[PDB]
């Protein structure tokens, strides 16, 4: 027995706003062992190095960010790179530009997961292709995680309703569309996050007049095994 509002809090949890002294603002959404943070990093601003037991996956959605993981510093272009900072590995960043950076982090710690990364921490685009006709996706791949950018066209662009054992978590980064998880449909906006546990049915349809974009993350990988 799950109410409408009950289900909303599970699959599309209400974010909290976090503000740091340095000026960074974060929108934080949580379900169980996984946290999604959308960060707004102001111009010419440092994010002090730190480290934690949780693994963290990061990506720039807008702007350009100087990112440090371990002793590897790398310029991050919007949506063209991701990094993984394994547990306890120190990491921080600087917005070294005149413009605000919008970024996304996933912080996670779940049993029976080994958190590896490329030797230099950063992932480049593995492959871009249509997942479904007209639906362009872009993959970033590790053993235990698969990042999939998706463009869902307007005018009926749709991911049919389905499920899989893979956990799938994500966040809308453009336009709008309807997403349903089990018995719950939400109109996604920029920043709306969703969390699907194993075997929870879900789908999406974009009945707007323009394409929408999303970031979707599989644990473990679903397409590039």
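Residue numbers count along the first chain shown, from 1.
Novice: According to the deposited model, is the average Cα temperature factor higher in 154-162 or in 26-34?
Specialist: According to the entry, 26-34 carries the higher average C-alpha B-factor.
Novice: Comparing 113-121 with 144-152, where is the mean C-alpha B-factor higher?
Specialist: Comparing 113-121 with 144-152, the higher average CA B-factor belongs to 113-121.
Novice: Based on the PDB record, which member of 102, 93, 72, 79 exhibits the highest Cα temperature factor?
Specialist: Answer for 102, 93, 72, 79: 72, with the highest C-alpha B-factor.
Novice: Which third of the chain holds residue 174 when residues are ordered by C-alpha B factor: lowest, middle or highest?
Specialist: Highest third, going by the recorded CA B-factors of the chain.
Novice: What third of its chain's C-alpha B-factors does residue 202 belong to: lowest, middle or highest?
Specialist: Lowest third, going by the recorded CA B-factors of the chain.
Novice: By its CA B factor, does residue 212 count among the lowest, middle or highest third of the modelled residues in the chain?
Specialist: For residue 212, the deposited C-alpha B-factor lands in the highest third.
Novice: Considering every modelled residue of the chain and its Cα B-factor in the PDB entry, is residue 48 in the lowest, middle or highest third?
Specialist: Highest third, going by the recorded CA B-factors of the chain.
Novice: Going by the entry, which third of its chain does the Cα temperature factor of residue 129 land in?
Specialist: As the PDB entry reports it, the C-alpha B-factor of residue 129 lands in the highest third of its chain.
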